[PDB]
Amino acid sequence: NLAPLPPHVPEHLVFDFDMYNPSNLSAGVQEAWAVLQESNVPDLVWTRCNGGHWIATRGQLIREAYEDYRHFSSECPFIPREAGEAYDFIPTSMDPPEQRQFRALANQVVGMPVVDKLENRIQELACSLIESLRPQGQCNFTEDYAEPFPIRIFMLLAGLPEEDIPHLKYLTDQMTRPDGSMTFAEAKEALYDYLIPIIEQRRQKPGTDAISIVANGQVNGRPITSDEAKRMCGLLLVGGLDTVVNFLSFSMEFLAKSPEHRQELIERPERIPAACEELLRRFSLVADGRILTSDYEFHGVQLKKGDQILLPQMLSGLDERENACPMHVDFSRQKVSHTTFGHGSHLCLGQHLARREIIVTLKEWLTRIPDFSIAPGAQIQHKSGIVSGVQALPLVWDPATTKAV
Ligand code: HEM
Ligand SMILES: CC1(C)[C@@H]2CC[C@@]1(C)C(=O)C2
Ligand SMILES: [K+]
């Protein structure tokens with residue numbers, strides 16, 4: 001339903017966008033969010049949905065607000081308010097200065113040096129999964145690849161059993177795209193219920209997995225607390241299980257629908273890194289935000305202490321003011337402007353792992369299955385939330401057009 005309009009919000013700024021079920025969803029989720037960038041829509045609107053909150057609709061404002069942590073705090077970064085209040089992951093629920101010390105520790109477990117120790121295993125799993133599908137001439141891409149590839153890599157990194165994936169993936173999804181059965185607070189507590197014993201165990205008997213490294217880590221030279229380690233590990237799980245997983249499906253849906261972009265990357269494989277970046281712009285998928293720390297006039301709009309503002313990372317790169325013909329995918333685009341991995345002091349720490357997983361997927365899939373399509377008569381349905389995704393992606397191909405490496 002629609003929350004009562006706060007006294008300070010004028011009627012002319014009301015645009016009742018629902019980030020968990022946007023009205024234009026059938027057009028594609030990016031398309032659905034892009035309604036906020038039609039010419040008649042102001043740069044900053046109020047929606048009465050999901051408890052009531054601001055939405056910045058343009059890259060300029062989104063970037064400004066992410067830079068200004070003084071006014072726009074990460075203490076309550078999710079909508080609805082109950083979710084943002086319960087949200088206590090580290091480093092994301094902290095502002096500078098206290099946030100910064102935790103980034104280095106997170107870098108030890110998901111940063112570039114670790115991508116290096118994983119490189120071969122990433123490559124091997126992608127190739128194995130794709131070769132298994134190749135002779136079938138069909139797959140359900142979400143369940144058959146988009147989930148198991150990044151998730152099994154994360155579970156390896158974290159030293160967690162693969163049989164725990166269904167439970168962990170369910171919990172993670174309630175924090176980003178709740179089905180209604182659990183509040184954010186309940187999902188978070190369930191995730192902590194999982195992690196607590198494991199963190200204890202690995203502080204007693206450290207291994208070399210990511211949970212052990214975090215749980216025994218130092219932050220600016222002093223020991224991390226069990227509490228802090230839990231709040232960091234919860235965030236790593238969510239990043240591992242619900243980011244790349246969704247992004248791969250948007251990318252593969254696009255490639256299934258655009259043979260000439262497939263051919264471009266097959267003919268000119270050196271373009272794959274650039275293609276990855278353009279796809280990250282076009283199929284950007286995250287939208288969280290901030291809470292006002294004080295009353296503040298921003299771009300001529302009165303904001304009040306405690307107001308939440310959604311700052312959709314998704315939207316900056318889709319803004320025509322940042323990229324011309326923004327819904328068009330051009331792998332040769334010269335300045336690919338986006339905030340897909342965030343902006344300001346909270347820039348994604350998992351982005352190198354993410355790019356590796358994306359690039360390996362594009363190369364190893366097109367190597368083996370260059371020619372594929374959406375299944376006959378399928379209409380691909382998206383889903384929206386803090387991280388958006390694809391409900392199902394049935395693909396088909398003729399095995400005769402494939403190549404076993
Ligand atoms: C396509 C893949 C991904 C996208 C689009 C993405 C997006 C983002 C965004 C937008 C933020 C900033 C949120 C904010 O400012 O409130 C962020 C932060 C973060 N991400 Fe990523 N992410 C991805 C993959 C990953 C992965 C795979 C991991 C770990 C396995 C990860 C770990 C983190 C962490 C730890 C932060 C917190 C940084 C901080 O708060 O200081 N992300 N990500
Ligand atoms: C917004 C995010 C993508 C970023 C990493 C996981 C996520 C859901 C967060 O809670 C912070
Ligand atoms: K909070």
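Along the sequence shown, the residues carry numbers beginning at 1. These values consider heavy atoms only, across backbone and side chains, with no hydrogens, waters or symmetry-generated copies.
- For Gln174 (side chain) and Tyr170 (main-chain N/O), a donor-acceptor pair under 3.5 Å exists by modelled atom type.
- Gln351 meets the side-chain hydrogen bond (donor to acceptor under 3.5 Å, both in side chains) test with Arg355; sequence neighbours excluded.
- Residue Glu270 qualifies as enclosed at atom CD: its count of foreign heavy atoms under 6.0 Å is above 12.
- The side-chain hydrogen bond (donor to acceptor under 3.5 Å, both in side chains) check on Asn24 picks up nothing, with sequence neighbours excluded.
- Taking 4.0 Å as the cut-off between side-chain N and carboxylate O, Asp319 and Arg63 do not count as a salt-bridged pair.
- A donor-acceptor contact shorter than 3.5 Å is absent between the side chain of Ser132 and the backbone of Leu129.
- Sorted by first then second residue, the salt bridge (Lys or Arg N to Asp or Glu O under 4.0 Å) pairs that include residues 335-349, not counting sequence neighbours, number zero.
- Salt bridge annotation for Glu131-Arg134: present, with a cationic side-chain nitrogen under 4.0 angstrom from a carboxylate oxygen.
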Ring pair (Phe, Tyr, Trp, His ring centres under 6.0 Å) assessment of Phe141 paired with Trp365
CA-CA 12 Å; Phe141 185 81; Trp365 188 279; 5.4 Å; yes
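- Within the structure, ring-ring contact (aromatic ring centres under 6.0 Å, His included) pairs that include any residue of residues 24-69 comprise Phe17-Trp33, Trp46-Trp54 (at least two apart or interchain).
- Side-chain N or O atoms of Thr183 include one that pairs as donor or acceptor with a backbone N or O of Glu186 at under 3.5 Å.
- Between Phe78 and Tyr87, the angle of the ring planes lies from 30° to 60°, which puts this pair in the tilted group.
- Qualifying salt bridge (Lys or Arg N to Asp or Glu O under 4.0 Å) partners for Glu253, counting only residues two or more places apart in sequence or in other chains: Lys257.
- Evaluation of the side-chain hydrogen bond (donor to acceptor under 3.5 Å, both in side chains) rule for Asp242 yields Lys169, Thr176, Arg177, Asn246 as partners, not counting sequence neighbours.
- How far CD of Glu75 is from CD of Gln99: 13.5 Å, rounded to the nearest 0.5 Å.
- Across every non-hydrogen atom of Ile359 and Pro273, the tightest pair is CD1-CA, 3.9 Å.
- The main-chain N or O of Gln138 is found under 3.5 Å from a side-chain atom of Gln136 such that the two form a donor-acceptor pair.
- Here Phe102 pairs with nothing under the ring pair (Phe, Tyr, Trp, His ring centres under 6.0 Å) rule; sequence neighbours left out.
- A ring-ring contact (aromatic ring centres under 6.0 Å, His included) check over residues 326-354, counting only residues at least two apart or in different chains, returns the pairs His261-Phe331.
- Among pairs with a residue in residues 359-382, those fulfilling salt bridge (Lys or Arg N to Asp or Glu O under 4.0 Å) read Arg262-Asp371, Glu364-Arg368, at least two apart in sequence or across chains.
- Between the side chain of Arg271 and the main chain of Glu267, no donor-acceptor pair closer than 3.5 Å is present.
- In summary, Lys188 and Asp88 engage in a salt bridge, as defined by a charged side-chain N under 4.0 Å from a carboxylate O.
- Every residue meeting the ring pair (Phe, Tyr, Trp, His ring centres under 6.0 Å) condition with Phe250, not counting sequence neighbours, appears here in chain and number order: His382.
- Within 6.0 Å of the CD atom in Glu200, the count of heavy atoms belonging to other residues, nucleotides or ligands does not exceed 12.
- The main-chain N or O of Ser337 is found under 3.5 Å from a side-chain atom of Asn323 such that the two form a donor-acceptor pair.
- With hydrogens and angles disregarded, no donor-acceptor distance shorter than 3.5 Å links the side chain of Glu297 to the backbone of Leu303.
- Although no hydrogens or angles enter the test, the distance criterion places no donor-acceptor pair under 3.5 Å between the side chain of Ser284 and the main chain of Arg281.
- No side-chain donor-acceptor contact under 3.5 Å links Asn50 to the backbone of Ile79.
- Legend: residues meeting ring pair (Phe, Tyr, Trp, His ring centres under 6.0 Å) with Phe247, ordered by chain and number and at least two apart, are absent.
- Between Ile122 and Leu353, the shortest heavy-atom contact is CD1-CD1, 3.9 Å.
- Summarising the local packing, CD of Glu228 is surrounded by more than 12 heavy atoms from other residues, nucleotides or ligands at distances under 6.0 Å.
- No side-chain donor-acceptor contact under 3.5 Å links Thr142 to the backbone of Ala392.
- Atom CD of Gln201 is surrounded by 12 or fewer heavy atoms from other residues, nucleotides or ligands within 6.0 Å.
- Between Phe298 and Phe72, the ring planes are perpendicular. Angles over 60° get that label, and only those under 30° would be called parallel.
- Closest approach of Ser316 and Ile62 over heavy atoms only: OG-CG2, 3.5 Å.
- Looking at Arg282 and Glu31, a side-chain N of the basic residue comes within less than 4.0 Å of a carboxylate O on the acidic one, giving a salt bridge.
- For the pair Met155/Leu168, a side-chain contact is recorded, criterion being any heavy-atom separation below 4.5 Å from C-beta on.
- Taking the ring pair (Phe, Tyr, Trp, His ring centres under 6.0 Å) definition, one finds that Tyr192 meets it with nothing, sequence neighbours left out.
- Annotation: side chain of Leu160 is in contact with side chain of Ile211 (closest heavy-atom distance under 4.5 Å).
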